[PDB]
Structures are given as C-alpha cells and as structure tokens.
C-alpha cells in the first residue's frame, strides 16, 4: 500500500535511493502525522521547495553534501500531501533521495501518476534561470532559479499534467551560448543523469505533448547558419517522433530573442513546422511568445521574470487546450 511517486526521469539502480538531475524532478507522497523529513545528497548547489497540502514552503539548499532536512512540522495530525521539487537544473548536480522520516507518523499510499503528460525540451528559459532575480544585469544565482514557477511547470499545473523538463541553460541546437564548446541538446536529451552517463528508457514516459523552446543560444551572439539550424531542428523532431509517434509537438520562439536574431529564428522554426506539416505530420505547431518589453521586469542576465513566465504559461496553456482539446 504505502509508496512514493517519482515524477521525472529517475535512476533506481542504487538501492540506497533514487537519483535524478533534471530541473523540476520531484518526489510526491502522502503521509500520516504532523511532520516530515528527508535526507538528500546533492553533487552541487541544488535548491528545493516542499509544497505541503498545497502550501509552498520556504526553499532550501543542499550544496555538495548530504543533509537531513525537516521539510514541514507543526501540522494538524492527519493525512498530508507532499511534493518535494528540485528547483535547480541538471548542471548544478545530481541528487539522490536517501529516505523520508515521518517522526511518529508513517508513509501512506502514493497518489497515482497523472495521465496527461508533457515533456519540455529547452535551455535557460525552460530551466527558469534567474526568474527570481530582480534586474537584467544580475548574474546567475542558484537560489533564484525557481523552476516551480517556470512557464513549463505552471502550464503543467494548469492542465493537471505531469512534466519532465529536459533543459539546460546555455544549450543550443547548433551551438551553445557564445560558442562555448560541449554537448548540444541532442547530446544530452537521451540521459536520465547527464553527468554520470545513465541513459533514459523513453518507453517509461510517453507524453501527449512535447514543447520545444530552443534556438536563443543559436541566435543570441552569432547567427546560426540556416541549413545547419533547420537540419538540427528537424533531427530533434525526428528523435521525438521516433520515441513518441503520437505526441503533439509545439515549436516555440521567444521571449528573449530580439531584432534580427528573432526574425531569423522565427522564420527558420516556422519553416521547420511548415515542412513537417506539408510532409503529412499535422501534429507539429508553431508558437511565439512575444518578446519581453520590460513591463513585467527581467530576471538575471535578461531571463524571464516569474511574471513573464506566467504570461508565457497563459499563452502555452491556451495553445495546448486548442490543439489537444484538454479541458
């Protein structure tokens, strides 16, 4: 009867505890009692938030160490629902959950996994890099990367769907931010644990919706070559289609591109969607998030503020509802 729901790409190979890395990986459970504690090992500066009976609690970190943290306490004695959310992205380190403790209380039967499922594929925007920063000149701060208030997570909660957030700040299709060497998105996409080489079994999570927001890094400094960019994008779509033949795929642009980088990326992604559509695959769509204009502020290094994430989520929720007929 009692058990735990692991929402995300988790590796269960170590009997000492499940491991994960991607943004928004989360552990969901019911417990009886008045408090709950967890022991977490984290490879780098990871931040977490507990949401208990629908109340988000102050976030906390576990930084390149193993810590036992009392997540919540002083509750009325009874049954309670807990989501434990990894705020921070994969590059800030893998996380292993080494056990929960309920004091005098006990673990209850887990909620069932949600039937509606979304996979997001993206960069800093999807990671919600800097969304709790307060001005665009501020540099990255692990504590301010709140993926629970990413446009992705908000949209998933709007739709009562689970989401896997396969995203990595600075990553592109043809190049990484500023030409930085290293794996590109297709290189990292096949992994559960991108630093320790554990590959994901795609049959384990088949989403009805895939949301792709890539290309900001391909156009934010140097402009990627059109053929190279279009070919990389079609290759990603092919891989998604290989694992999820029936998914509805939303190809997104915005809201951080501007000027000619925005014009080119928009044009190229539109062309990719148009090409798929003329090829008979009618379940590939284009979405544009209007460029941010300062009126909802900026997060660190120009990345979207929570307010901008909420606008994006409003728009993406409507697009998904339209195409899937959800709600």
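Numbering follows the first chain given and starts at 1.
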| said: Tell me which stretch, 22-30 or 276-284, has the higher mean Cα B-factor listed in the entry. | reply: 276-284
| remark: Assert higher mean C-alpha B factor (237-245 or 122-130, deposited values) equals 237-245
| task | Compare the CA B factors listed in the entry for 140, 223, 189, 168 and report the winner. | result | 223
| said: Looking at the C-alpha B-factor values in the deposited entry, which of 207, 113, 172, 93 comes out highest? | reply: 113
| query | By its CA B factor, does residue 147 count among the lowest, middle or highest third of the modelled residues in the chain? | reply | lowest
| said: Please place residue 266 in the lowest, middle or highest third of its chain according to the CA B-factor in the PDB entry. | reply: highest
| task | Would you mind checking where the Cα B-factor of residue 45 ranks among the modelled residues of its chain, as the lowest, middle or highest third? | result | lowest
| remark: residue 200: CA temperature factor from the record, placed by chain third, in the middle
| note | Of the three thirds of Cα B-factor ranks in this chain, residue 289 occupies the middle
